[PDB]
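> pasting an experimental structure, sequence included:
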Amino acid sequence: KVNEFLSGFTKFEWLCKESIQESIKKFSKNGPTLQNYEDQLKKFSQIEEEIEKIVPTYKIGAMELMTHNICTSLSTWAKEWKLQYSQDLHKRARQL
């Protein structure tokens with residue numbers, strides 16, 4: 001049951017791979033539009049919605065889990081991409 005939770009949450013673990021700078025740099029090399037940047041910020045806010053959606057806290061048999069730790073991890077991981085987006089926005093302004 002833990003692993004079922006974990007499988008539902010691999011999509012959220014995607015943060016760990018996406019946190020690499022190379023992914024955001026490939027997407028930035030794509031030269032996306034302002035609407036695209038806004039779409040990534042919005043998908044990011046939706047990620048945050050899922051981060052607060054840590055409702056499952058069922059005691060796994062006779063074991064109680066610490067979900068707030070996971071939530072905090074996800075939130076920090078998250079914040080990474082927003083700071084990345086601000087820093088690339090500034091250099092777009094620079095070049096153009």
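Yep, that arrived. Residues are numbered from 1 along each chain as shown.
> which residues in this structure form strands?
Assigned by DSSP state E, the chain shows no strands.
> okay, helices next: where are they in it?
Assigned by DSSP state H, the chain shows helices spanning 2-8, 10-18, 21-29, 34-52, 67-95.
> show me what the third one is packed up against.
With contacts defined as 3 or more CB pairs under 8 Å, 6 or more residues apart in numbering; DSSP states H and E, the secondary structure elements packing on helix 21-29 are helix 67-95. (Each C-beta comes from the backbone N, C-alpha and C, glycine too.)
> who's in contact with residue 89?
By CB atoms under 8 Å, 6 or more residues apart in numbering, residue 89 lies in contact with residue 37.
> tell me which of the helices of the chain lies nearest to residue 58.
helix 2-8 (8.6 Å; CB to CB).
> returning to what we had before: of all the helices of the chain, which lies closest to residue 60?
helix 2-8 (5.5 Å).
> just to revisit the earlier point, including distance to residue 60, could the helices of the chain go into CSV?
As requested, those are exported to CSV (distance: least, CB to CB, whole Å):
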stretch, distance to residue 60
helix 2-8, 5
helix 10-18, 18
helix 21-29, 33
helix 34-52, 21
helix 67-95, 11
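> the residue lying closest to residue 65 once chain neighbours are set aside and residue 63, how far apart?
Closest residue to residue 65 in three dimensions, ignoring its sequence neighbours and counting by CB to CB, 6 or more residues apart in numbering: residue 57, at 6.5 Å. Distance, residue 57 to residue 63, by CB to CB, to the nearest Å: 11 Å.
> who touches stretch 66-82?
Residues from elsewhere that reach stretch 66-82 (CB under 8 Å, 6+ apart): 12, 15-16, 18-19, 24, 40-41, 44, 47-48, 51-52, 54, 56-57.
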